[PDB]
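Shown next, in structure tokens, is the structure this report addresses.
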Amino acid sequence: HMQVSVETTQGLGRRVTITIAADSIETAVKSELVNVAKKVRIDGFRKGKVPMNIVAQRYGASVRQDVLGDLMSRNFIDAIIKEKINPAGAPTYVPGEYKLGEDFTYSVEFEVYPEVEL
RNA sequence: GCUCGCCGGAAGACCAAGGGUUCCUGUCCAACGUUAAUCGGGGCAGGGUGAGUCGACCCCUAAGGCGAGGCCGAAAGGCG
Numbered sequence: 001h002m003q004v005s006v007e008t009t010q011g012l013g014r015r016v017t018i019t020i021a022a023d024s025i026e027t028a029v030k031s032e033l034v035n036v037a038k039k040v041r042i043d044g045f046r047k048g049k050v051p052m053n054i055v056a057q058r059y060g061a062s063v064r065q066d067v068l069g070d071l072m073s074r075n076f077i078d079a080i081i082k083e084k085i086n087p088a089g090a091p092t093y094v095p096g097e098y099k100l101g102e103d104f105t106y107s108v109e110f111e112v113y114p115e116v117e118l
């Protein structure tokens, strides 16, 4: 579910907002670390036999902010080729209002493609 | 993995002495291994030795060691 909300500041400029669902983002926090919990070389443990308590209490949630950048542009496969609003390549990437286990709201800024004299 | 061979009062399993991480897991192959090595009792990194009742310490003494005073000896020191 996308729920695109688009407002225009003035003319050529444009702001696009992405609202990913509340329970859909942080349900794969487990699904993004079980492919790296079996790869981390913590001192006192074997190769990939680290219990869930130690890895989660150190950076088990501190790597989701790097996946939050991947989920910042994950919805653009359902926003650029399915909703057809064309930005100017790579716009700004500004994080916005995020709550505790809840919805994600932010906005970008660019200019639209001007017309051509064909 | 399947055959073949060898020891079986030992070439098996433990303990004391002595050694002091050689134990286990991941990784590396320059040097070390009488050859090559991906392997090792090798290099590097992390783990691993849980005791009222097993041993030490402890109580008691043998050979013997030391020995308050003491006797003896130029000094050191000897015997007790």
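Heads up, the first sequence is in my numbering, so the first residue is 1 and it goes up one at a time.
For each residue, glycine too, the CB sits at the ideal point set by N, CA and C.
The Cβ atoms of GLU97 and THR105 sit closer than 9 Å to each other.
Around the beta-carbon of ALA21, fewer than 16 other beta-carbon atoms lie within 10 Å, marking it exposed. Classified as buried, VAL16 has 16 or more neighbouring CB atoms from the shown chains inside 10 Å of its CB. Looking at the DSSP output, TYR98 bridges to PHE104. Within the DSSP bridge table, the entry for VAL6 names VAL16 as partners.
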